[PDB]
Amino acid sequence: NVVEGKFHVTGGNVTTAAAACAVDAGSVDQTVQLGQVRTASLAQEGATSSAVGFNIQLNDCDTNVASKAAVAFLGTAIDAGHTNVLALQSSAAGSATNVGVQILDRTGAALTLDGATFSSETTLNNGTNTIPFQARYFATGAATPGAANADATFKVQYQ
């Protein structure tokens, strides 16, 4: 009686303004294992699984172009009442219900997933910089077992 799955995320720079950095090729397409979580530990709205880390690495940054970077994520919100929780992908094995996936920035806050809400700003050094994130399961009710995969895309904005 578990939910198990992965978080798949792809992304790149905002392309409508100058980019201070290149996005590392290892960060533009990643899959984060969310783990095996018993539904008993996701039995009520608000319950969350232990978060799993993932990073977005930026290379060759020039702080004369911009001093800060942040990341916005886009994905399907699980419902209108939880716009910072990703809906699960469908699966042949039958996907879990009443549970979605959240993306957290360094501050621990779950991020809105509408492509317009940027994470906390990271002050850049020249060269390589890493922006750390986390992913976890979030229960919108009594979770039911089954595959629990989610996907999203990201854009890196410079300021």
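Residue indices: 1-based, along the sequence shown.
Student: Comparing 5 to 13 with 143 to 151, where is the mean C-alpha B-factor higher?
Tutor: Result of the comparison: 143 to 151.
Student: Can you tell me whether 51 to 59 has a higher mean C-alpha B factor than 35 to 43 in this record, or the other way round?
Tutor: Result of the comparison: 35 to 43.
Student: Taking the Cα B-factors listed in the entry, which of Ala109, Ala69, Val101, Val28 comes out highest?
Tutor: By C-alpha B-factor in the record, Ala109 ranks first.
Student: With respect to the C-alpha temperature factors reported in the PDB entry, which of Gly127, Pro132, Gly94, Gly115 ranks highest?
Tutor: If I rank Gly127, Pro132, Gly94, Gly115 by C-alpha B-factor, first place goes to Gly94.
Student: Splitting the chain's C-alpha B-factors into thirds, which one does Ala80 fall into?
Tutor: Answer is highest: the recorded C-alpha B-factor places it there.
Student: Among all modelled residues of this chain, ranked by Cα B factor, put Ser90 in the bottom, middle or top third, i.e. lowest, middle or highest.
Tutor: It falls in the top third of the chain.
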